[PDB]
Amino acid sequence: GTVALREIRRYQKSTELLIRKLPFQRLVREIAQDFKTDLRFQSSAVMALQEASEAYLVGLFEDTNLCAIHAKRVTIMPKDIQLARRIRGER
Amino acid sequence: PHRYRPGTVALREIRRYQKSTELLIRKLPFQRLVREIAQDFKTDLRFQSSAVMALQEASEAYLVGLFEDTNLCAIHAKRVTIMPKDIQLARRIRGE
Amino acid sequence: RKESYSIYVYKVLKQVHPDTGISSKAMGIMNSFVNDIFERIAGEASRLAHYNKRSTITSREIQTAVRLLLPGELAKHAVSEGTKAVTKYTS
Amino acid sequence: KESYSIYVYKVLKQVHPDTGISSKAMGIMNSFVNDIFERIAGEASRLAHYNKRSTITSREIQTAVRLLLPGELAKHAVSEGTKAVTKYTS
Amino acid sequence: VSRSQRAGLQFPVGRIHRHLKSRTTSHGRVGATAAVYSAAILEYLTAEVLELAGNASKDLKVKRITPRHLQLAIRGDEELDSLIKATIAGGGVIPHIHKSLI
Amino acid sequence: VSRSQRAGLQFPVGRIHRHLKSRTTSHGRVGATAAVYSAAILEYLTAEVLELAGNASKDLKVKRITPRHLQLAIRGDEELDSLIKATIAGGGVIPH
Amino acid sequence: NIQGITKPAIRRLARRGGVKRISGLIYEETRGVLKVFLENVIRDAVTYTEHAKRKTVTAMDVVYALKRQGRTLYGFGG
Amino acid sequence: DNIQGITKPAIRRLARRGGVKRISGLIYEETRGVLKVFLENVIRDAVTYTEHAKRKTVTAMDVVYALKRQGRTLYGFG
DNA sequence: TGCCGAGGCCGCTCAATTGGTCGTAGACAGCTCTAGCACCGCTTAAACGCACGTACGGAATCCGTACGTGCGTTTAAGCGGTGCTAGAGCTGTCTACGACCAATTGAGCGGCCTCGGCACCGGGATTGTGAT
DNA sequence: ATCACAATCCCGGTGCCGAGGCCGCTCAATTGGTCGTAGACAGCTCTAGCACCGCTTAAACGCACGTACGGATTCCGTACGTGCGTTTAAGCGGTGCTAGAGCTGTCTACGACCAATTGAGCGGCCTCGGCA
């Protein structure tokens, strides 16, 4: 559990993105294909979408870790994500 | 002598109070509390009865929802008894 | 004088439920609901007019506002009803 | 295109005379200022709506600040606005 | 001859228009069809909620819609629950006891 | 003599008056001192945020403010954290 | 006066929430929670009232304050 | 199938920055579903904004407005 | 160690300041009638203190598995170039419908009146509870 | 599996208060011209989004291995729950008083508009010091 803590410190230290750009761009275009055929995206739009998604997921993981700590555990599980997203009302 | 085993009357109360729509805090004590709380912000205030009624209803709804989230938190920890720590977790995850 | 939405809500109720009634408290609740939802739609329409640098609110803006707020399977039917009303009125 | 870059820079050099700011931080500040202005304008217009008024004045902005800003921020913002208005009328 | 009748609605097109012009920005206008669309939207939403509440009241064998029936109808549908997030006055809560409590 | 000098501020009173007039009072009019008060509030809040950001930057021994310093300043104060709840692009997270 | 919110009242408010067993330390915590909520709402209500130059607090001030806080209330004029 | 392009190490990194020390192997599917739902909502609103302007290119402005509609206000692009 | 960006000089151009006009929003004074506040007497109900006892939270133990770590191979992301073309943005025209105004008439807002539907009480029917 | 029993649902009656309908008036919805001004439409263009290809290599992936941790088991004492007797403070009806919210009439301070002038922001170019 040492490397996990070192990575935790290092990743809260930095400020860069954690999802690779091309897979996320392909995912975004595939998602948007179902809404309006033949759409185009500026680079700024995809970058903003990635920023928002990363912030959202990090916050959700903080809430999930709190739920896990509540049950006297250290490993997060799907149940903790579900409790976090049910208390917030995101369900 | 008849005694119900601890746990039955709790469920009976749960059903009864989930069937009703009335207010559950006594009117006069809540009015007194509202007046004393508002005494800080302003001196010599006047409260329409509907102001106090709206405040009481909002407070009751808030507390009921908070208790439901707390019960979810308690059941999560493999318990049946709600505790202050579960209220604190429910309030922190909510953002409040 | 204080105008209220009682007449039209009662007309709708007697349209879709020719035997059930409504209470004074339910009347107040429906008044509040209609006022709140109208305020939301009007605010979204105003913001939409501002974004495109327009000045005229139009049924296009109301359609886009309805599509923005109302959740799915409600946006479709609401847009259908609104388009039907607009087409009849133009006719 | 209109922006608050020059005024933000003037305020910055008023606070920290020996500090500069990057373009990205300027964008952050521009968005922040625009958001706060939008909130204040909306609250003031709503306050005019509630009391059946038609003119936004210093009272409406003061009540909007009292409603929006938390705690000591509201107090000091109210004080600064009062000072500015008293200087302007003089 | 009323605009709503020409649009075949119950909600007033003209009064909705008057309330719309009082929400715009400076030098702002409001098309006559915006009132038509908004009246249709309000009528549809009110019809949906009222039909659900009427069904809920018919279940309980009553002739009047109360705050309780409105809460039962709104909290019993996903769309209306997501859209409406208000505190219905005197509506109570939907009865539900968790399984691990029994 | 621009109205800013009469008010002794740094933000544009005239432009803020125009911007307030655009949103107006739903076809109404905007008072004379509304612009002065609005500009004063904007200047005060910007000064507070920039002072905190400059302190954070100096603590990191750099000569220029970055979004990381802005988030460090905003999340380091309770009231600025309550008032501002947006996502700041490029700021990272507060270590915890 | 906050003590006037009795233990059975909190028990009833918990029963409506489906709570079957209530710790003995719940009541003080719930009293604090309710005090904070009321202090947040009444402040905005009095702010509206003072802006209107009125000496009385009306239902609409409470409704507007609640809508501001994100707790929209139906059935009181707003 | 590009949702699988959010690789497991990337989810591990996101969880690490959030303070999670140990992660169950079932987390990754849940995280992928959560991200897909969030992206779907935001992209739907952005595409609606683009359509109302009668265009075929999604600017950063559309994304920012869509995010603001959801209460996820984003600075740095607005 | 540079390179990549921010701070400064310069070009005009659009909007901010003067000033007189002119209509009108709201400040103020005055009166009115509502409604908030205070007090008092009864009286039924809910709260409080207490005794007793079962269920439950929490600890201690043990064990199997599942998650982290390390290593070697693979891959596809990112950079760097290249042509190419839709289409976002800007300009100009001309015009289609919404605002202002005068006149008018019908739909809705208060007020009132009446009866019927919902609320409480009371007696049988039932239905889980808990000891046997 | 059996059976007495506190407790809850069901059916019936009543009489009481709230919904639903009807009148009268008044405020605003509707109509017909005028006019202009905000937007639909046709062109031009040059920006920037997208489709190829190579290539470098840092990130991902498959596999082995061991141990930290989550889950079942057991045990026990204490905090809760249940029921009973006393009390105490809310709730209701009546009475009275007075602050004060609300409407109206005058008028006077204030803000919108237009014509002119000019001055402060915005974009271009460049560079030398902050930073990865």
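Residues numbered from 1 in each chain as written, not as in the entry; some residues may be left out. Chains lettered and ligands numbered in written order. Heavy atoms only, no water.

Per the PDB record, the structure was determined using cryo-EM to 3.09 Å resolution.

As annotated in the PDB entry, chain G is Histone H4 from Homo sapiens. Under the Sequence similarities heading, UniProt states for chain G: "Belongs to the histone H4 family." (UniProt positions renumbered as here; feature names shortened; annotations may be inferred.)

A.B. asks: Quick question: what am I supposed to make of the overall build of chain G here?
C.D. replies: Looking only at helices and strands, chain G has three helices and three strands in total. Computed over C-alpha atoms, the radius of gyration of chain G comes to 16 Å, more than 25% over the 12 Å expected from 2.2 N^0.38 for 78 residues, which places it beyond the range of a compact globule. The principal-axis extent of the C-alpha atoms belonging to chain G is close to 45 × 25 × 15 Å. The buried share of chain G, reckoned over its 78 residues, is 56%. Contacts in chain G between residues far apart in sequence, at least 24 positions, make up 30% of those at least 6 positions apart. Surface accessibility of chain G: about 3,000 Å² in total, with carbon and sulfur atoms responsible for 49%. Separation between the mean location of the 16 positive side-chain charges and that of the 6 negative ones in chain G comes to 9 Å. (Helix = DSSP H or I, 4+ residues; strand = E, 2+ residues; numbered from the N terminus. Rg over C-alpha atoms; globule rule 2.2 N^0.38 Å. Buried < 20%, exposed > 50% of the residue type's maximum accessible area, 1.4 Å probe, protein only. Contact = heavy atoms within 4.5 Å. Areas by Shrake-Rupley, 256 points an atom, 1.4 Å probe, with all protein chains shown as cover. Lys, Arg positive; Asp, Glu negative; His and termini not counted. Charge placed at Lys NZ, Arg CZ, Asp CG, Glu CD.)

A.B. asks: Help me out: how do you make sense of the interface of chain E and chain F in this one?
C.D. replies: Contact residues are listed per partner, giving eight residues for chain E and six residues for chain F. Together, the buried faces of chain E and chain F total about 440 Å²; carbon and sulfur atoms form 47% of this surface. Between chain E and chain F we count zero salt bridges in total. At the boundary of chain E and chain F, one finds five residue pairs in polar contact. (Buried area = accessible area lost by both parts, 1.4 Å probe. Salt bridge = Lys/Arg side-chain N within 4 Å of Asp/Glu carboxyl O. Polar contact = N/O pair within 3.5 Å; in protein donor to acceptor, adjacent residues only side chain to side chain.)

A.B. asks: Would you mind going over the protein's contact with DNA strand I with me for this structure?
C.D. replies: Taken together, 58 residues are adjacent to DNA strand I, and A:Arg26, B:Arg5, B:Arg35, E:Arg15 and F:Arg3 come closest. When atoms of DNA strand I within 4 Å of the protein are split into backbone and base, the sugar-phosphate part holds 95%. At 2.9 Å, a side-chain N or O of D:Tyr9 approaches a sugar or linking oxygen of DNA strand I. Counting residues per element, the surface near DNA strand I draws most heavily on helix α2 (residues 21–33) of chain A, at three residues. Per-class residue counts for the surface near DNA strand I are 16 nonpolar, 15 polar and 27 charged. (Near = heavy atom within 4 Å. Nonpolar A, V, L, I, M, F, W, Y, C, P; charged D, E, K, R; others polar.)

A.B. asks: Please explain the nonpolar core as it appears in this structure.
C.D. replies: Burial of nonpolar side chains together is a common tendency in soluble globular proteins. Counting residues in each nonpolar core, the largest one holds 117 residues, and the members touching the most others are A:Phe61, E:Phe11 and H:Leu39. In terms of nonpolar packing, the next biggest core, distinct from the first, is built from 60 residues, D:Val11, D:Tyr88, F:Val36 and F:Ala86 among them. (Core = buried A, V, L, I, M, F, W, Y, C linked by side-chain atoms within 4.5 Å.)

A.B. asks: What is the right way to read the protein's contact with DNA strand J from this model?
C.D. replies: For DNA strand J, the set of nearby residues contains 67 residues, the closest of which are B:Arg32, C:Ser24, D:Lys1, E:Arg18 and G:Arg11. C:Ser55 is positioned such that a nitrogen or oxygen atom in its backbone is 3.0 Å from a phosphate oxygen of DNA strand J. Side-chain polar atom of F:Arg64 to a sugar or linking oxygen of DNA strand J: 3.1 Å apart, as the coordinates give it. The greatest single-element share of the surface near DNA strand J, amounting to five residues, is contributed by helix α1 (residues 8–19) of chain B. Of the residues in the surface near DNA strand J, the class split is 18 nonpolar, 19 polar and 30 charged.

A.B. asks: What should I look at first to understand a positive patch on the surface in this one?
C.D. replies: A contiguous patch of positive charge, built from D:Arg53, D:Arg59, D:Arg66, G:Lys53 and G:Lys55, is present on the exposed surface. Within the secondary structure, D:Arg53 is located in the loop between α2 (23–50) and β2 (55–56). When its relative accessible area of 57% is taken as the criterion, D:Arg53 is described as exposed. (Patch = residues over 30% accessible without salt bridge, like charges linked within 9 Å, V, L, I, M, F, W, Y side chains within 5 Å.)

A.B. asks: Could you clarify how one ought to interpret helix α4 (residues 84–94) of chain B in this entry?
C.D. replies: Within an α-helix, residues lying three or four positions from one another point in the same direction, as the helix has 3.6 residues per turn. For α4(B), the complete set of buried residues consists of B:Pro84, B:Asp86, B:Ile87, B:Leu89, B:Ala90 and B:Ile93. In the core, the buried residues of α4(B) are packed alongside α3 (43–70) and α4 (78–87) of chain A, α3 (49–76) and β2 (81–82) of chain B together with α2 (26–51) of chain G.

A.B. asks: Hey, could you run me through the pattern of salt bridges in this one?
C.D. replies: Close approach of charged atoms allows side chains of opposite charge to pair. Across all of its chains, the model carries 32 salt bridges over all chains by this definition. Two residues, G:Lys67 and C:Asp36, come together in a salt bridge whose shortest N-O distance is 3.1 Å. In this pair, G:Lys67 is assigned in helix α3 (residues 59–69) and C:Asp36 in helix α2 (residues 24–51), connecting two distinct chains.

A.B. asks: Sorry if this is basic, but what is going on with the state of the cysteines here?
C.D. replies: Between two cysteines, a covalent bond joining their sulfur atoms is known as a disulfide. All chains considered together, the criterion is met by zero disulfides over all chains. Looking at the unpaired A:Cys67, the closest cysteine sulfur is the one in B:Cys73, lying at 6.3 Å. Overall, B:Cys73 belongs to the buried group, its relative accessible area being 0%. (Disulfide = S-S within 2.5 Å.)

A.B. asks: Before we go on, may I ask you to explain unusual backbone geometry in this structure?
C.D. replies: Of note, the phi angle at A:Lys72 is positive, near 60 degrees, even though the residue is not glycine. With respect to the helices and strands, A:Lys72 occurs in the loop between α3 and β2 (75–76). By relative accessible area, which is 69% here, A:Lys72 ends up exposed. A positive phi angle is found at H:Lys54, which is not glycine, with a value near 60 degrees. Residue placement: H:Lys54 occurs in the loop between α2 (27–52) and β2 (57–58). When its relative accessible area of 66% is taken as the criterion, H:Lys54 is described as exposed.

A.B. asks: What exactly am I supposed to notice about the interface of chain F and chain D here?
C.D. replies: Accessible area lost during the coming together of the parts is what is often quoted as the interface size. Each partner contributes to the interface: chain F provides 54 residues, whereas chain D provides 54 residues. Summing the contributions of chain F and of chain D, the shared interface buries around 5,000 Å²; its carbon and sulfur component is 69%. The interface formed by chain F and chain D includes three salt bridges. The partner of F:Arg23 in a salt bridge is D:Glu38, and the shortest N-O contact between them spans 2.3 Å. Applying the counting rule to chain F against chain D returns 20 residue pairs in polar contact. Those elements that place two or more of their residues in the side of chain F that touches chain D are α1 (3–7), α2 (13–23), β1 (29–30), α3 (32–59), β2 (64–65), α4 (67–75) and α5 (78–83) of chain F.

A.B. asks: Just checking my understanding: could you explain the packing of aromatic side chains for this structure?
C.D. replies: Counting across every chain of the model gives 15 aromatic pairs over all chains. The rings of C:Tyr5, C:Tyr8 and E:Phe11 are connected pair by pair, giving a single aromatic cluster. If you follow B:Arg12 out to its NZ or CZ, it ends over the ring of B:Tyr4, 4.4 Å from the centre. Seen from the ring of D:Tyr88, F:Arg6 lies directly overhead, with NZ or CZ sitting 4.1 Å from the centre. (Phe/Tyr/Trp six-rings, centres within 6.5 Å; stacked < 30°, edge-to-face > 60°. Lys NZ or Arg CZ within 6 Å of the ring centre and 35° of its normal.)

A.B. asks: It is not clear to me how the arrangement of the chains should be interpreted in this structure. Could you clarify?
C.D. replies: Among 15 pairs of chains with at least one contact, chains D and F form the most extensive contact set. The two units chain A and chain C never meet; even their closest C-alpha atoms stay 13 Å apart.

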